[PDB]
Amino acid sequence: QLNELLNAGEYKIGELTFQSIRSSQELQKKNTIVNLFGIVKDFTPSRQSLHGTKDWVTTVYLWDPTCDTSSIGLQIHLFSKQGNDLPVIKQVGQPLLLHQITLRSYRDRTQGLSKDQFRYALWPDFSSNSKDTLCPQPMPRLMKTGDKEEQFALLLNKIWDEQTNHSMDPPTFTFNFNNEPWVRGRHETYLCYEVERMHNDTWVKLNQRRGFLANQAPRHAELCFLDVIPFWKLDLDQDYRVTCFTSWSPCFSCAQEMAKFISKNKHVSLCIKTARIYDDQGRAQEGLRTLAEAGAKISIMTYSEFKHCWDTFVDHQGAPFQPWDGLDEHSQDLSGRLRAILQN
């Protein structure tokens, strides 16, 4: 549902027609008034101008999936006579809906300038650690939105965070990645992924193109991982190989979706390293085979991987990886158990 919205340039939500940020970053000679809806990648507090009409101004940089991960976004200057009605943004990551913004050149970069009537709507950084990233906004310019643009805003937020959050809490890593064959009460799947580009006949090792994520209650971590893939701006000619590192092997249902991903993407290879083998003693074993037979490459995490995930996806803050007793022992029986699965 979200992939195709951002392609044509214009997409509608509620009753308002939005223009993507990438498409907005181009220009015509004349000024054209668009609706925007994105993430605050950076902003500057509302200070009063020192020149010209001296109106109050706040600065935002909106981003959306049509811009790459590393892209800062569209420069937008929001102006107002009173100024005490401009959006009060508290931190980077807030979803932002802007209504009636003019698009023009300034010394060859595209900026947005606010119309007089410009209105807005803000949302908290949902995937932040705080609740109160969103404080009570000034009433004059504020817009009453519903649940429909709730989905959209949260979606953009979720994709943003799942591109600007590599680091994880160290006690979390210990507990979830404990590779003892049967454990309680992990319940959730933690998934740490790498991306590798094809250049010079060998994988270009991508440190900044990494990420990790954890599931919701009751979708799955495997599905949430697949959602950020289309929003990677992947070169269609270049072949890519994903290696994700999971805490639990994917269930039967997510193994099917990860298999149907290999069928949909002809330039993407999928390689899975898991810490435990999830066996529901139902169709989970078949799911490993089905994903396997679809082209995907699965194996058990060994000491090499456990060190690497601690060197990459954890906020060790200087502590080297401290292994638990029986890590190699459990990874051996599991390597036997995995080998037995692909045989049946």
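In case it trips you up, residue 1 is the first one in the sequence shown, and so on.
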### Query
From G146 on to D147, does the model leave out none, 1 to 3, 4 to 9, or 10 or more residues of the deposited sequence?
none
### Query
Where do the C-alpha atoms have the higher mean temperature factor in this entry, in 202-210 or in 189-197?
202-210
### Query
If you average the Cα B factors in the entry, which is higher, 317-325 or 330-338?
317-325
### Message
Quiz for you: based on the deposited Cα B-factor, which of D280, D64, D42, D311 is highest?
### Response
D311
### Message
Highest Cα temperature factor in the entry, among the options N84, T102, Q216, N157: which one is it?
### Response
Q216
## Note on the structure
Of the three thirds of the chain ranked by Cα temperature factor, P138 occupies the middle
## Note on the structure
Binned into thirds over the chain's modelled residues, the C-alpha B-factor of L27 lands in the highest
### Query
Is the Cα B-factor recorded for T110 in the lowest, middle or highest third of its chain?
lowest
### Task
Sorting the chain's modelled residues by C-alpha B-factor, tell me whether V92 ends up in the lowest, middle or highest third.
lowest
#### Entry: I262 by Cα B-factor - lowest, middle or highest third of the modelled chain
middle
